[PDB]
Amino acid sequence: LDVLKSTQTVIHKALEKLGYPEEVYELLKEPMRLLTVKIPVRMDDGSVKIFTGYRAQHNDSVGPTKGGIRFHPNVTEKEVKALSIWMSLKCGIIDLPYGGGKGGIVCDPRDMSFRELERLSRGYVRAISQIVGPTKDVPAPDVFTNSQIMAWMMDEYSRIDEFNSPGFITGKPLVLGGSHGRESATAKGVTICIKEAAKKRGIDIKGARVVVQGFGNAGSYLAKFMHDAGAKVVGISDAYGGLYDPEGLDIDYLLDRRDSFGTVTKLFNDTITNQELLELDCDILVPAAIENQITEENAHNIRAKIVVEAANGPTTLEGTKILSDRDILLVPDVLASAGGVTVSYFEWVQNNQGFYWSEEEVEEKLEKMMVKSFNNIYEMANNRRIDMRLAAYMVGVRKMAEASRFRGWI
Amino acid sequence: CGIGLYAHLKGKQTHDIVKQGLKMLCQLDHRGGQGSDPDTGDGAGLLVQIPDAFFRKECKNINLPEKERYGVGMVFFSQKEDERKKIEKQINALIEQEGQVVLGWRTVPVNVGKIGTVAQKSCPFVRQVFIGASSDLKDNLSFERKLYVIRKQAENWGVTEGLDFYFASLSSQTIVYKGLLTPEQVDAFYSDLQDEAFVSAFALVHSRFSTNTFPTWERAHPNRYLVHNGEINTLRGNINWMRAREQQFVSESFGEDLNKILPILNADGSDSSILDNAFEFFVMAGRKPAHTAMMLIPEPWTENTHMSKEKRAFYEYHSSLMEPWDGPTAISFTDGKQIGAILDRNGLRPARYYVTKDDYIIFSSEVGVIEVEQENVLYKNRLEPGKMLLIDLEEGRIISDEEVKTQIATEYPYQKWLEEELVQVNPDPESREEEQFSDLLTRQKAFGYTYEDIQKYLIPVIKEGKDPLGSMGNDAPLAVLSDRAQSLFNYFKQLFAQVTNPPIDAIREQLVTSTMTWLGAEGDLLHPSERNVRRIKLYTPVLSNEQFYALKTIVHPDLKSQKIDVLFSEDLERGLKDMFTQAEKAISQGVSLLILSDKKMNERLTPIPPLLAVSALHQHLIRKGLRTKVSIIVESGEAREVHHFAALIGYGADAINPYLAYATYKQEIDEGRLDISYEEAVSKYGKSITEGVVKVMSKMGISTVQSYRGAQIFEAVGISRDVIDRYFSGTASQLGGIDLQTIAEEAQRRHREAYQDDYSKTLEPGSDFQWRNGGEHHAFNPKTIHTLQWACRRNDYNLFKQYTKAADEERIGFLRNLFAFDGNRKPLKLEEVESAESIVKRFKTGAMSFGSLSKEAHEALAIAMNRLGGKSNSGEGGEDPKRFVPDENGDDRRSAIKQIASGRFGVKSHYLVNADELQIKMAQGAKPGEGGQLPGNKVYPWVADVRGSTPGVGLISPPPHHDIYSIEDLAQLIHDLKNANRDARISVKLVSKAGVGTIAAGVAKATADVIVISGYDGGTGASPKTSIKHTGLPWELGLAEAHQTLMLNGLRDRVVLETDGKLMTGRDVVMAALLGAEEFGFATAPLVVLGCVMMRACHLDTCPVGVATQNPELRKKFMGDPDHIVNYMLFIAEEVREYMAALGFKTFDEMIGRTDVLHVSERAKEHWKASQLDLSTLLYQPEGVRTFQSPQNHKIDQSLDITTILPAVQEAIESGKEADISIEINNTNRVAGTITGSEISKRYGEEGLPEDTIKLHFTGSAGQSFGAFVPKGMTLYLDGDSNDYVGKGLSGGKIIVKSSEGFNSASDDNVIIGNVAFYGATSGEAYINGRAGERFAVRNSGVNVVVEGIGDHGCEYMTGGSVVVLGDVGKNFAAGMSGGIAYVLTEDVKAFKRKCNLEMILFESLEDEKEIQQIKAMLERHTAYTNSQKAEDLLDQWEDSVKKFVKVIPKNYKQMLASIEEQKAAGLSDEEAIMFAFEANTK
Ligand SMILES: Cc1cc2nc3c(=O)[nH]c(=O)nc-3n(C[C@H](O)[C@H](O)[C@H](O)COP(=O)(O)O)c2cc1C
Ligand code: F3S
């Protein structure tokens, strides 16, 4: 309910700090093209139910738009617009040629079936094919969406445009023309960011104590990368608890025994709750778990020098203020979790070029982009006495506002 | 019983090896028992290579080709000739059409007269068939494949015809002889063996035990290829999975021969035959024998940190395509030119083998099987678990297991395949939604929830991290008899292992467990590559809401998902058929995961019982050969107990999503109770349910969830035979019972009531584990309780009669209430029948744990029963020796029944000799397949002193008897106890179960005088609640089956059956007697007489009446009196006598077994579902004798003890004078010393004699359980090597074991003791000059030992004493060690850290001067008595040795010792200091 107002307020703060007039705020508060469509669908029983669609292009002054698609049964226009603005901020921070956007459908993948999902996606594309194209829009994977849906969308856009357009949609399967490393992008991004933050703060990465709560694919890949680099992991947690060992935890063995879900806790052994896990001694803390964990009570108990919010807004304003007062570096989530967007951009570039890179090349390009962006934001945040979240928002809005001013819409 | 082989490594052949193998079999014979007559052969056979020399010399009419280019067959025929020649022609036709040329046929001469009567009667005819080789068959592997094809086709044709014939073996390198023969009879019978023309490389052998007295020639092994030991507990799920994969096997080596070989296993065959069939198919498929053996019997690959990465990947890959075959087993297979030997994943059988300078490996069960030159013996090793003893005749070397395993693992890139092809289903963290229905109460009532169930089963799980406990085991009537509507789950009772296999533990043996579950579709087993492993794998069977939604939302084309509505309207058959149609349509489309959901259920659609639906789907899928292509996930609301969970997994469910339980937790958290967060609560519930599932698995012994998944380990009680065959095929049911229509009516009634529910918004209180007025009826209602108490206290007979009437009539409580007398006979006067004094001598009090009860209550029970003249009992908690002397007032607190439980707490020479009878607690009614836990808080000093443990230390009683790994070991223990107390009667305690008749027959053959059948209705001090409710069966079925089986086998006149469990009335006593009881046990009723109010809080140790609490404050409130118990027993006897007058029976043995006087009451017919039961099984009397007359002749005579030792030692023992003798002992002599120890203890007592009074010498191999129950003052110099269970139950004295005199190699590095040593001992010394076996010093409780290395699981459950290991140590050392010390020598400290189990042990380095001096003195005595070079070198280098030693001590033991030492230094008395330290520790 408050997501749109919060986004507008933070955008207003960033614009005020920049010093641009109010015309840029007036233009950027609201997405420039919101479309609501109704998608007919045929169920297995033969009955027809109508799903409500959505699509929002926050801005396209920079160039082609981009956004994900969530099959979340509570998706609404306010959430869609807020997510479009958020994606635009991500693109601005990473310095991509994207403007920003988001789509969604009001449905329930749980009760929905396989062929019915196929037909739903196909009807969605038939509905919104007019305002979507290689130079106008670019769907991407998101909540309740993955490679099969990407492939169906690609196949249908090929059918409707009568010519192959692999670069039309990102996140495709490898055989269809996908990009390698699509699953470890977030882990690689957070690895680069933690490395650079440690370098800037003087904390030696060699022997650095690390805690990774939340052991999904992101946590597993981050732990593996930290172990490869040299830093020791002194804590892991998952849905079934956690562990603790000041002198390493055999990340190789943990990954070898890693199951489908990433659960690692023993059966007949006591576990440590995340609340006490946060308090354990460590140099860097990486909350990548349920949101609203760092608050006033645990702000005084946190001990890590560097906190990276790989998740979406795991902290709160009070916790951010307390950490800033304590002089604990806080990495914004907008920069922490941009690996997915960066790898999607690389996939789009590969499709457009028609030639596919390799894992090493993707690694090098991704790390270069991440280090450059992090260095720029760190320099700006130290030049101006502000919080890193404010610096991230300000940097993200700078490119969009300046491009709009050049293009003369204002 | 056992196995054996005498192989020459280099390949040279002679008749000497065959003769030595026959001698080995003859020596092994002694292990088995006696059947109907000693001449009968329970089963034995011998295996050799093809004797081409003898064949060419003898046949004289076959042009035998070269060695490898033909095969030899062995066929068993009936006595008739028409079918013989018909089958001969048909086999020739098979060979001709397959293209091979038949060389001819031969008849084996046989000596029929050299055989016992039964085997002579069943003597089948033998003919050997010679097969030819065509030029196309270049390779002997192809030749063997064609021979296997021919054999399987012939077997298929035979079974189709219905004839009775068997192929003993058909191979080009193995010919097998076997039958119902004793080894001394085999040579005479098979006159071929006597010829001096045989030349073989190896000679495998085996002797069976034949649990039942009716075996057949075919069943007895050696099988076609391998010899098998023990039993397989997964042989139903095994067969189901194998039949499922049968339809889908495809390969190129067999071509189209799979159609011919479609039946790959014998359904009617036993475990050994089934294993041989499957193994032979796998190895013929194109895999190496070692590779397929490793595939079938894997090591513990999950939870083990001592395994290499290549091995872990190997086993992870193979577990994904083929399940493990758990159970006690010692495989020893062959393939003509290669040999192997394996133990199960837990190593539950002994295997010790020799090596000589002439390359003569002697692998056998025991050590002294044959005479060997100690100057030529080279290695004395043990086949440790997870180690492959592999031999290759052509190479003539013992190929090392490490390199075999390494190269097998590296043959393929399994690590890369696992790393790459695994599928990730990482859920979205932003897709969270705490689901709610808004009809929580309605759904809960529909699925049968109760407020009692919630508040007593769900909150306690979260609070305690484990399943909640209980006491006073279930007494409610069965679901089939209960009038109240009950879910289908209550009809199914869990099962457990009694004999032929131990119930393995879980918490302490976590390294062996494996909870990995695979979801998806298996690939081509015969040619597997990456698609067998492109599957989802889970860590726990249970699932959370987020996980379930992720699985459903996965849209990968290979891993599809389908949802099937498991609901019905009127016709259950229509519903099941429709569900099958959806399933098969989805499979045709290509799905791999099925979701059975009970959601979307309204007043018009009701849910099928999830167990029934899952079983029907699984059976249909298995029958149609598509189960391997799908994965059945189940989402049913009625899933909240570990019992329901285990039933679902066992009968097919891939995963469970207790959405109803999760919603209930959400509602409670929203309300405010259970303050813990929702996610933490969900995780804790999942972990607890997985722990419970592991516990249920451990009860049976299946250590793998994957194996248990196929395994059907439930016994329906009240389901019709037709329904069982249709949907639950393979399940055991005795009485038939309700039908599908009745089940549907019950479900519809429950659903309609729940969805009506138009009066209140509350859940009716449950009555499963407590009594609430208007709820489910219970046996002990307050009316019965206080009527019984009043009658007993008043000595009034009318009140007792009213109590009996109330307890028996007005309801259906048990099966025995459905029996009624005919009423038309000749009554006899009360003065003409046997008397009450004669009645009361056949009663028992049942085992009563001293820890569970109070001293006052226990002494009252004992005094009452002893005064009455019956037989009291003492629980597993031992007994203070002060009770063995009558008091001045005449009271006698001595217990006539001394119990020998798994703990072996108070087992001692005095404690055993001062007794009248001995029991062996194989299991109890409540917690059969589980042990116990007595934490520091509940173990008081006045209990610890009696139980021989430190005060305030949490004791652990292992579930299984570590001395009982099979019926042979049970017989050995029975003999040991009889030798310990020649003047007592041995007893065993079983529980009613399917096959209990077979187990009883086996026990009777094992020569147990008395068998006790205890129903699950019996009580218990503490046990898990689901184990209370859903374990065991009523004792009526067990007693009936045992009596029928025993008296059919002919051994019923050699044992004395008994009964106990809710024997509350003389009517119950008469029912038991008619069913075939002889003596009865009353435990729950005496407690009620004494003052117990059935409050069900014994586990809490807070009894308000002070009957089962150790607190002195509560004990002061006790009010019992032995007079009340005497009155109760007298009233029971008088009522029984009145019924004897009514029935006109003159004497006990005259009435016993007269089941013809029983007929079903009309009330059973009136009952709406109980009328569908079939009672002819219990109402049936085969001809025979029905009373104990024979004395159950033991073999105490002719023992070396009585023959030689005692006759020259009576004077020494009686005069207290020193005496020395030397004796030659062979493996046949089993115990060798327990008799002298018992004599010493009886003559003197606990004090014993001065140190080193009797110095017995010994030489050569010793027998099993050598030197058991040796008291203080004795000394057994055993200058040789021994067998298992050395020093069992030691109670003082020394035991010195040194290698042979002619053995010059590293005796400190060659094993010299069996698996288990010093089990349950209390105090003594020991000096072993060599490595020990697996589970060394299992329950040491004060015995100091010195060993040079030990096996695995060593020092498992120590509670005192000390151990000094001068060498390496196996994995999982000190698993559960709650006391004592272990000065373990080691060099690689970190490797020792990793090997040890870190749960409950703290490590140090020696700093105490007293500790150093004690170790130095122990090593000095060790060297002085042994002359060990390792010990001498350690003494020389003491300076380095003190630094290199490592000390291990538990935290609680260390803290208690420190506190008591501090108090003693302060200067307080021992008792007060102990009490103060205990209070401080357990505040
Ligand atoms: C409080 C209590 C404790 C028991 N403890 C043991 C025990 O430690 N070992 C055992 O074998 N049976 C134990 N039992 C079971 C009885 O000894 C006996 O085997 C039988 O179950 C009693 O049946 P009943 O309820 O008709 O008296 C116990 C029973 C009760 C009620
Ligand atoms: S059930 Fe147990 S707690 Fe006391 S009242 Fe009876 S002995």
# chains A, B, ... in the order shown; residues from 1 in each chain; ligands from 1
>>> closest_atom_pairs(of="chain A", to="chain B", cutoff="9 Å", atoms="only C-alpha atoms", output="CSV")
residue,atom,partner,partner_atom,distance
A:72,CA,B:431,CA,7.5
A:109,CA,B:553,CA,6.4
A:110,CA,B:553,CA,6.2
A:111,CA,B:563,CA,8.5
A:112,CA,B:553,CA,8.8
A:113,CA,B:562,CA,7.3
A:114,CA,B:555,CA,7.0
A:143,CA,B:428,CA,6.6
A:144,CA,B:553,CA,7.5
A:146,CA,B:555,CA,8.1
A:147,CA,B:556,CA,8.2
A:148,CA,B:556,CA,6.6
A:149,CA,B:555,CA,8.4
A:216,CA,B:426,CA,5.9
A:217,CA,B:426,CA,6.3
A:239,CA,B:683,CA,6.5
A:240,CA,B:683,CA,5.2
A:241,CA,B:683,CA,7.9
A:253,CA,B:305,CA,8.9
A:256,CA,B:419,CA,8.2
A:257,CA,B:302,CA,8.2
A:259,CA,B:538,CA,6.1
A:260,CA,B:424,CA,5.3
A:261,CA,B:426,CA,5.9
A:262,CA,B:426,CA,7.7
A:263,CA,B:539,CA,7.3
A:264,CA,B:539,CA,8.5
A:266,CA,B:303,CA,8.4
A:267,CA,B:687,CA,6.7
A:268,CA,B:507,CA,6.6
A:269,CA,B:1399,CA,8.6
A:273,CA,B:680,CA,8.0
A:289,CA,B:429,CA,7.4
A:290,CA,B:429,CA,6.9
A:291,CA,B:429,CA,9.0
A:311,CA,B:429,CA,8.8
A:312,CA,B:430,CA,8.7
>>> residues_around(residues="residue A:356", least_positions_apart="5", cutoff="8 Å", atoms="only C-alpha atoms", output="NGL selection string")
:A and (179 or 350-351)
>>> residues_around(residues="stretch 472-475 of chain B", least_positions_apart="3", cutoff="10 Å", atoms="only C-alpha atoms", output="number ranges by chain")
B: 478, 768-770, 777-780, 813-814, 925-927, 1016-1031, 1061-1062, 1084, 1094-1099
>>> select_by_dssp(residues="stretch 671-906 of chain B", states="strand (DSSP E or B)", output="CSV table (one decimal) with N, CA and C atoms, in the first residue's frame")
chain,number,residue,atom,x,y,z
B,704,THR,N,17.9,-47.5,6.1
B,704,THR,CA,17.8,-46.6,5.0
B,704,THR,C,16.4,-46.3,4.7
B,715,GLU,N,1.4,-54.7,9.7
B,715,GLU,CA,0.5,-55.9,9.8
B,715,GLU,C,-0.9,-55.4,10.1
B,716,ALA,N,-1.7,-55.4,9.1
B,716,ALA,CA,-3.1,-55.0,9.2
B,716,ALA,C,-3.8,-55.9,10.2
B,719,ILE,N,-8.5,-56.2,8.6
B,719,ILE,CA,-8.7,-56.0,7.2
B,719,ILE,C,-8.9,-57.3,6.5
B,736,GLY,N,-8.9,-61.5,8.9
B,736,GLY,CA,-9.7,-60.7,7.9
B,736,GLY,C,-10.2,-59.5,8.5
B,738,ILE,N,-13.0,-55.9,8.4
B,738,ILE,CA,-13.9,-55.0,7.7
B,738,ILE,C,-13.6,-55.0,6.2
B,819,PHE,N,-15.3,-64.3,22.9
B,819,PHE,CA,-15.4,-65.8,23.1
B,819,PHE,C,-16.4,-66.0,24.2
B,820,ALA,N,-17.2,-67.0,24.1
B,820,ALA,CA,-18.2,-67.4,25.1
B,820,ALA,C,-18.3,-68.9,25.2
B,821,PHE,N,-18.7,-69.4,26.4
B,821,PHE,CA,-18.8,-70.8,26.6
B,821,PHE,C,-20.1,-71.4,25.9
B,843,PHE,N,1.4,-68.1,38.7
B,843,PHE,CA,1.3,-66.6,38.5
B,843,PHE,C,2.7,-66.0,38.6
B,844,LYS,N,2.8,-64.8,38.0
B,844,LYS,CA,4.1,-64.1,38.0
B,844,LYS,C,3.7,-62.6,38.1
B,871,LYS,N,6.0,-66.7,41.8
B,871,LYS,CA,7.4,-66.3,41.4
B,871,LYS,C,7.4,-64.8,41.1
B,873,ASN,N,9.5,-61.1,40.4
B,873,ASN,CA,10.4,-60.8,39.3
B,873,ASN,C,11.2,-59.5,39.7
B,874,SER,N,12.4,-59.4,39.1
B,874,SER,CA,13.3,-58.3,39.3
B,874,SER,C,13.6,-57.6,37.9
B,897,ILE,N,12.6,-64.5,39.6
B,897,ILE,CA,12.8,-64.4,38.1
B,897,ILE,C,13.8,-63.2,38.0
B,898,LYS,N,15.1,-63.5,37.7
B,898,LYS,CA,16.1,-62.5,37.4
B,898,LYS,C,16.1,-62.2,35.9
B,899,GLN,N,15.9,-61.0,35.5
B,899,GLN,CA,15.9,-60.6,34.2
B,899,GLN,C,17.2,-60.2,33.6
B,900,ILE,N,17.5,-60.6,32.4
B,900,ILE,CA,18.8,-60.2,31.7
B,900,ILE,C,18.4,-59.4,30.5
>>> residues_around(residues="residue A:325", least_positions_apart="5", cutoff="12 Å", atoms="only C-alpha atoms", output="PyMOL selection string")
chain A and resi 299-300+318-320+330+386-387
>>> write_last_selection(atoms="N, CA and C atoms", output="PDB file, in the first residue's frame")
ATOM      1  N   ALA A 299      20.502  -4.241  16.440  1.00  0.00           N
ATOM      2  CA  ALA A 299      21.456  -3.271  15.917  1.00  0.00           C
ATOM      3  C   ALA A 299      22.637  -3.102  16.863  1.00  0.00           C
ATOM      4  N   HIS A 300      22.371  -3.049  18.167  1.00  0.00           N
ATOM      5  CA  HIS A 300      23.434  -2.951  19.158  1.00  0.00           C
ATOM      6  C   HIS A 300      24.206  -4.252  19.325  1.00  0.00           C
ATOM      7  N   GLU A 318      15.624   2.452  11.081  1.00  0.00           N
ATOM      8  CA  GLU A 318      16.251   2.564  12.394  1.00  0.00           C
ATOM      9  C   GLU A 318      17.561   1.788  12.440  1.00  0.00           C
ATOM     10  N   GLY A 319      17.559   0.566  11.905  1.00  0.00           N
ATOM     11  CA  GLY A 319      18.788  -0.207  11.857  1.00  0.00           C
ATOM     12  C   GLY A 319      19.851   0.456  11.003  1.00  0.00           C
ATOM     13  N   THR A 320      19.444   1.035   9.872  1.00  0.00           N
ATOM     14  CA  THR A 320      20.393   1.744   9.021  1.00  0.00           C
ATOM     15  C   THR A 320      21.012   2.921   9.764  1.00  0.00           C
ATOM     16  N   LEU A 330      27.492  -0.278   5.089  1.00  0.00           N
ATOM     17  CA  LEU A 330      26.242  -0.922   4.698  1.00  0.00           C
ATOM     18  C   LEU A 330      26.120  -0.859   3.182  1.00  0.00           C
ATOM     19  N   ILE A 386      26.607  11.578   2.995  1.00  0.00           N
ATOM     20  CA  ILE A 386      25.287  10.956   2.956  1.00  0.00           C
ATOM     21  C   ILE A 386      25.426   9.460   3.199  1.00  0.00           C
ATOM     22  N   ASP A 387      24.296   8.767   3.302  1.00  0.00           N
ATOM     23  CA  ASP A 387      24.288   7.319   3.432  1.00  0.00           C
ATOM     24  C   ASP A 387      24.428   6.672   2.060  1.00  0.00           C
TER      25      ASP A 387
END
